[PDB]
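The primary structure of each chain is shown beneath.
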Amino acid sequence: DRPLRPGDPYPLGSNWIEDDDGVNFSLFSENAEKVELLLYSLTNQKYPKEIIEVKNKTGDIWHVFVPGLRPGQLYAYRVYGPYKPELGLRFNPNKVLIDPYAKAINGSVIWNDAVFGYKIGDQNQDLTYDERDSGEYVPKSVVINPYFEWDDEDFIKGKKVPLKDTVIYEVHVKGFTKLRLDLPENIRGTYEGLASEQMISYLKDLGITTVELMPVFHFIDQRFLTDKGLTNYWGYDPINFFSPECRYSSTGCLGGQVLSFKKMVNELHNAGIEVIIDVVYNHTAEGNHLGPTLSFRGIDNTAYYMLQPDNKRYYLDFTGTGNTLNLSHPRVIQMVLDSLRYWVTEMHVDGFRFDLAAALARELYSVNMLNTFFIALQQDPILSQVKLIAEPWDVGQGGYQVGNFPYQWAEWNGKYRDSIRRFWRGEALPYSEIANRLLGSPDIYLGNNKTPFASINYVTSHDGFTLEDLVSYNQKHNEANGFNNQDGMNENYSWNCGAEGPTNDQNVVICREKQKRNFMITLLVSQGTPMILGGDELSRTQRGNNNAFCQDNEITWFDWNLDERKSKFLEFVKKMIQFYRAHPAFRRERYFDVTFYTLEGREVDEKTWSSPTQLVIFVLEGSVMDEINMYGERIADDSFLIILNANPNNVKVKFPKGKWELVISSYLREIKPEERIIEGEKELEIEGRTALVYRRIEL
Amino acid sequence: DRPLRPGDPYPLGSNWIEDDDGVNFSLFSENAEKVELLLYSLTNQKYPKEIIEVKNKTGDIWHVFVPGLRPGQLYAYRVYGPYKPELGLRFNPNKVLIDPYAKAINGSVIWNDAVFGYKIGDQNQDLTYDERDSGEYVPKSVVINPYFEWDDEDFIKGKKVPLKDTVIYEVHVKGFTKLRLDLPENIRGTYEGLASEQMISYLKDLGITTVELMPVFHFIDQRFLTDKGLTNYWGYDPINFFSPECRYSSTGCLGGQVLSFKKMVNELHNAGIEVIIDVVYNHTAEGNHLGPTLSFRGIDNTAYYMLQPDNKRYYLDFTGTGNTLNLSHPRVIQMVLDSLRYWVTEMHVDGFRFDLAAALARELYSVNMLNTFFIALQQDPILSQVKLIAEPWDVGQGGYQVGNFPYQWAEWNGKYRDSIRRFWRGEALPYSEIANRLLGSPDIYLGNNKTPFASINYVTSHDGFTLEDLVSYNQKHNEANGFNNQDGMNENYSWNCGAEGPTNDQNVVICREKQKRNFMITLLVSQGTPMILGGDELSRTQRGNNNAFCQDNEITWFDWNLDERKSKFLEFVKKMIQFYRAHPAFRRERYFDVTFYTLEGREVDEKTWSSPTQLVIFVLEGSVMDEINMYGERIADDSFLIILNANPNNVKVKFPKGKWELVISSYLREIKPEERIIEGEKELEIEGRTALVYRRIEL
Amino acid sequence: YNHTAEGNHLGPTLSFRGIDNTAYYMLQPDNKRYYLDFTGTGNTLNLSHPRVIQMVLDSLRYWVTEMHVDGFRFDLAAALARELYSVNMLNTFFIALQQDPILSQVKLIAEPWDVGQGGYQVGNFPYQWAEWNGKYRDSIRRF
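Residues numbered from 1 in each chain as written, not as in the entry; some residues may be left out. Chains lettered and ligands numbered in written order. Part of a larger assembly, values for the part shown. Heavy atoms only, no water. Residues with missing side-chain atoms left out of burial classes, pairs and counts.

- Deposited coordinates in this entry are attributed by the record to X-ray crystallography, at a stated resolution of 3.00 Å.

- Chain C carries the name GLYCOGEN OPERON PROTEIN GLGX in the PDB entry, which gives Sulfolobus solfataricus as its organism.

- The PDB entry lists chain A under the name GLYCOGEN OPERON PROTEIN GLGX, with Sulfolobus solfataricus given as the organism.

So, in structure tokens, the structure goes:
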């Protein structure tokens, strides 16, 4: 007998209107017989306060306005339909579902046989129909207040840092500040903790421009992970594409995660720092048949999911996770684009990084959506300005297969990390190959973007070894993950430097520290936008675990100990990053000028260019670049000489023309007077496994 | 030191040339480092007689001519390459492979841990590399003599039976004649046995025009099936797309299967009977990772297979079998079209039936090959004349998604079988629905073909219940298959008539026999091309097993016992089929004329047309059809009245205008004089669960 | 293969116009009076109709199996690629050629083109494909 009204279809989800004093509720469902809105009082989460049958429907969209409800109000849905699993029809109104357009989720799921929708349990498995209510264990979607006081006016509008000037920083929200002891407990390893005053000055002192946060979409710890006493630490199982992860909130989970995130981002922008978020669109946490009925599968399984034709009880898997969104259906492709748009206009994120992007492109291609998906990004008013990061993929015949890539499109260059790892390991590599990597990989980027900065260079990431573990480790040690070490990449191209794991041997440590420095300069001397693994500066180690996706503990937390070894390296990284930012010679837009050299100090003819090498010498020649980014003012950078000696043996190099001055090197030892400045082609005795950078000073 | 020559790329496979006195060998492989041809003497199959390194290569095609070898020569391949399973690179030259273009295979595979290419066995599973030779257990491809004396000249060229005049007969090669005792042992359940003189006259006496043979491509019994003492009886696991199954050969497996097949087909054609073969293209017998390395996976895994991007050690599955061909690669799509072309020009097959066609179209669509695949069929000189049978599929948004369907394209109408099963079961169905099915389903075929004969009507098939088991059985009994009854369709719409399985109760048997007759007329009275399940005439039973894919035994064999019950039914089917063929009223090309009736003998207004019914009455009115198939001569068929009473109760029907004469019915009892001829609207007392067909005789 | 000799409307009714105008010719939507022209010759064949595409592939197959010809050189290939592109047939035309038992063996000769949304818009080319290097002559005739 309530003054309820039909309300509006737009926008999707729950919408608090100031004026009409109440909240518009809307949910997409094509195959539902009946929809029910459930409102929960903070005090009781087991049974709804009030149940409202949603009776008005515009096209495939159910909606009702409900007066008097306000920001902070908990809710959920029960969706009604046929249950013929063999037809992919899995409607179970006993299961209390998460709104797909929820902007916040009030906690985690509590693993119990009743969140499944089939009997466990039974031997028909997914054919059966479980009657138990799920509400007791399913967090509720939350109505939020979208309003926020942004004074990142300077930043947002309009001209932020481009990829040519970007240093990215891949960092887990929790691990970053979990053991930053000069922060109060409740904000340690949280969004607010991350953007705190000292954290900001730290990231500023390091010199990184762009933060890449690991998954912040609200994810779910897998059953098989919690049965073993482990959580999903990396967050690669979204259940909702609009809500900040409740776990990383310092200010609670009834809007607090939205507010803290919005806060954190605003601080970061004011400091001059960009936010990229790692995003998963290739699968949902619901898994395959057999997985839980938490949201999509309950709302409309047939839409939403890619089903096996001829056996619709099964889900198509391109990723090995269990499901694929039905990206051909206009609502599903809408949700993705709606997600991307939300996070930019409302959460003020500067761009995205697509996890398993080769898979994501395969899925899109699967239903003829890849090129249209790209056109959607390019013409969209807000989406065509953000940064979009992915990976190479040849599908399936398959060269990219794509009319045109967004202006700020870039790809993780795994070939760059492999080549670089192998080089410093001692593997003599074709000169042309190692050199191309340093030149930003024009052999990969013929007509993908016409810029070196489409290539995201890196030596380490969240995947596999931490730069510390890379130089200390020959094979993975992932028994802690509980997969009897079968999980995680096996090709690592690593080297322990003479001892596996921690050692007392100062010969081994000298190798290691020297080597870390080698990679750090190789990376910040190459064309392409570089990405650094958070922790690498702190000499962070997961002690041989190369796939710590499930270690929310001591192993993964950043260790803020001021050990002198560690400290001295943090000093090196700072100095090198600074050097990179300080010189647009290593940051060219059009390379797709240099001169490469031999041991005996001459130019490089074919054969020399084609035979494996262990030593790279080259000069960034010239200066006049166009510009800078301001009205008609060309600058000129100093000319540099880079010597990289991976050959494990001392070697004698003939320098090229002019006066050269050593600006930085991997020598841990003090620098001899005849090494600071060198002229007139006279030879220097270069140590084995050493990297060196010189600027010319005349003429 | 042999006078070997480069030879030719075309044709693919092994090719005996009369003139050059020897055999050209060719194999497609893009990623191989090295290819080796292996020739085996009949006497020893464990070690090759001679090994020849294939050194000439034109594009992606390896080839060598080898003088002196002749039809009957056994051979295989060993293909060389990288083994990085994580890159989908699974080259293992220890494993002796089947030529993809083999026209014959010398037997079955012998299941042994060494046909796998990875260690069993090990806990790295598919990551490992098994060194054992596989030749001992892998049948060899055979060089054949393509020559054959066809005197089916009359048939082949050019105008065979069209779908408007087709009665299809779905029949397993082995089961058909395994217990036909008036045949010599060695030909019982073989290709030659099938086309034997008495079998031909039987099929001719029955009246069927078209035989649909169950898979004849050379298949493999699954490991998990043979460990349980069962074979793969249905043949739905091709390992090669060009070789007739060795198991069904009466004349041996070194060309004998090719010769007997060619023989069998030729006989059939001369008898006026068409050959459709059931074909599988949606997966290969190699399975997923973990499956055997017998052919494709050994020749070139990366081509050939759809791999998971981001994890190339895994295979994409659309069917639930484990693999998918890489239909985007020109060679793979070529092999399919080459298969189809082979079987038509060389084995003289009149058309195909695609198993899991919804899946096959999903796979094609997956890589943007569906519409081009359809254009390839349509423009091809030989392929555009054959019959092509599939199933409906909406992909994935998805209406068919296809410019134009081949002239002789048709689909299995599962909706027809469900509706019909439900109707006679007693389920009152919307009048419009049951009626549309009888009219050939124009509501499904709006613009799929513009003909009722695109619809393949059936009550039973190889899938689920035999017409006998359909009327005798309420749930499946598949424990013999050894899947604790979890396998096989659960929605069967069947009814046991009062007792489950065999019974003594003559009330139950009268129900059953009467009911069989009901379905048989419903089917041969409907628009659309009908398909009959071989055995159904013989009242064949698999005693409740609804999915006997693995029962190569007593259960599935045709039972040639002349029991009087069975005999009387075989008599009915004969009579009805004859009746169908005899009257082009039930065979109209353009329906996409009839008048439907009520109980009280009047025309059918909406509501009547829209409410569920248990009784269908209708008149095939008119006559003048255009033509016939000859120069300008229109015929006229008599007008018919069809009464179908599924209502389990006697009912009184008012006949329409004119004189009506009962031509056939489901009454097992003798016909009363007032039932043979009826006029002037006077009512007849129609029995419950009864079907009846009348022709008008005046005026 | 990019136009017939019938030209635009106001054209002789020699064959295709008379047999079936709808099929055969790409008409201007909204004014089927007129004929879409890609070459400046008056008409383009309706390559999206299965029989029209069949005719072209039949003709290529005829001249090879029947007239023993070793290869073709498509005149105005770019326009032909564009016409094919206009109706989503370019790539399916190329798959037809490669998989055809006789047509894949022959030489095939066109010119370079940049069609639709950049590049060539073709997966793979036939195995004896080659191109009139339009510009190698503009280069040697300038040095």
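Moving on, there is more to tell.
## Some remarks on the sheet that holds strand 2 (residues 22–28) of chain A
Residue and element names in this part refer to chain A.
Okay, so step 1: One open sheet holds the four strands; their spatial order is 1-2-6-5, and the pairing between them is antiparallel. Every interior strand has two partners, whereas the edge strands, strand 1 (13–17) and strand 5 (56–58), have only one. When strand polarity is set aside, the average angle formed by the axes of neighbouring strands in this sheet is 25°.
Okay, so step 2: Here three bridges tie strand 5 to strand 6 (residues 61–67), and the two strands are oriented antiparallel to one another. What sits directly across from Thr58, in strand 6, is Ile61. (Pairing = 2+ DSSP bridges. Helix = DSSP H or I, 4+ residues; strand = E, 2+ residues; numbered from the N terminus. Axes fitted to C-alpha atoms, helices over the stretch in contact; angles between N-to-C directions.)

## Re a negative patch on the surface
Okay, so step 1: On the surface, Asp8, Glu18, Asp19, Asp20 and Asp21 of chain A cluster together to form a negatively charged patch.
Okay, so step 2: Along the chain, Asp21 of chain A turns up in the loop between strand 1 and strand 2. (Patch = residues over 30% accessible without salt bridge, like charges linked within 9 Å, V, L, I, M, F, W, Y side chains within 5 Å. Areas by Shrake-Rupley, 256 points an atom, 1.4 Å probe, with all protein chains shown as cover. Salt bridge = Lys/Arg side-chain N within 4 Å of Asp/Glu carboxyl O. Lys, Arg positive; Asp, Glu negative; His and termini not counted. Charge placed at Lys NZ, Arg CZ, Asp CG, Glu CD.)

## A few points about the sheet that holds strand 18 (residues 455–457) of chain B
Residue and element names in this part refer to chain B.
Okay, so step 1: Strand order in this closed barrel of eight strands is 11-12-13-14-15-16-18-19, and the pairing throughout is parallel. In this sheet, adjacent strand axes meet at a mean angle of 30° when their direction is disregarded.
Okay, so step 2: Judged from the four bridges that link them, strand 11 (residues 168–171) and strand 12 (residues 210–213) form a sheet pairing that is parallel. Among the inter-strand pairings, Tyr169 is bridged to a residue of strand 12, identified as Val211.

## What to know about the domain arrangement of chain A
Okay, so step 1: Examined at the domain level, chain A breaks down into domain 1 (1–145), domain 2 (146–590) and domain 3 (591–699).
Okay, so step 2: Here the C-alpha centre of domain 3 of chain A lies 64 Å away from the C-alpha centre of domain 1 of chain A. (Domains from an automatic or database assignment.)

## As for helix 11 (residues 414–425) of chain A
Okay, so step 1: Relative to the 16 Å expected for twelve residues at 1.5 Å per residue, helix 11 of chain A spans 16 Å between its end C-alpha atoms, a close match to the ideal helical length.
Okay, so step 2: Positioned one or two residues after helix 11 of chain A, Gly426 of chain A has a phi angle of 115°, which is positive. (Expected span 1.5 Å × (residues − 1).)

## Quick word on the pattern of salt bridges
Okay, so step 1: Counting across every chain of the model gives 78 salt bridges over all chains.
Okay, so step 2: Measuring nitrogen to oxygen at the nearest pair gives 2.8 Å for the salt bridge that ties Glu468 of chain B to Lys516 of chain B. With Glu468 of chain B in helix 13 (residues 467–470) and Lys516 of chain B in helix 14 (residues 506–523), this pair connects stretches of sequence that are 48 residues apart. Take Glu468 of chain B and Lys516 of chain B: they sit in the same class, and that class is buried.
Okay, so step 3: Three or more residues are tied together by salt bridges with common partners; here these are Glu468, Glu513, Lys516, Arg517 and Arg565 of chain A. (Buried < 20%, exposed > 50% of the residue type's maximum accessible area, 1.4 Å probe, protein only.)

## A few points about the state of the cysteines
All names here are of chain A.
Okay, so step 1: This structure, assessed with the given rule, holds four disulfides over all chains.
Okay, so step 2: Between the sulfur atoms of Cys246 and its disulfide partner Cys253 the distance amounts to 2.1 Å. Every disulfide takes its handedness from the sign of the S-S torsion; for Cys246 and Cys253 that torsion is 90°, giving right-handed.
Okay, so step 3: The exposure class of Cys246 is buried, given its relative accessible area of 13%. (Disulfide = S-S within 2.5 Å.)

## Describing the relation of the copies chain B and chain A
Okay, so step 1: When chain B is fitted to chain A, the best match, at an RMSD of 0.0 Å, comes from turning it 180° and sliding it 0.0 Å along the axis. A rotation of that kind, with that shift, is consistent with a two-fold axis. Nearest to the rotation axis, the C-alpha of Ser366 of chain B is located 1.9 Å from it, this being the minimum over chain B.
Okay, so step 2: Of the interface residues in chain B, 100% have counterparts in chain A that sit at the interface too, so the contact is made through matching surfaces. (Least-squares fit on C-alpha atoms. Contact = heavy atoms within 4.5 Å.)

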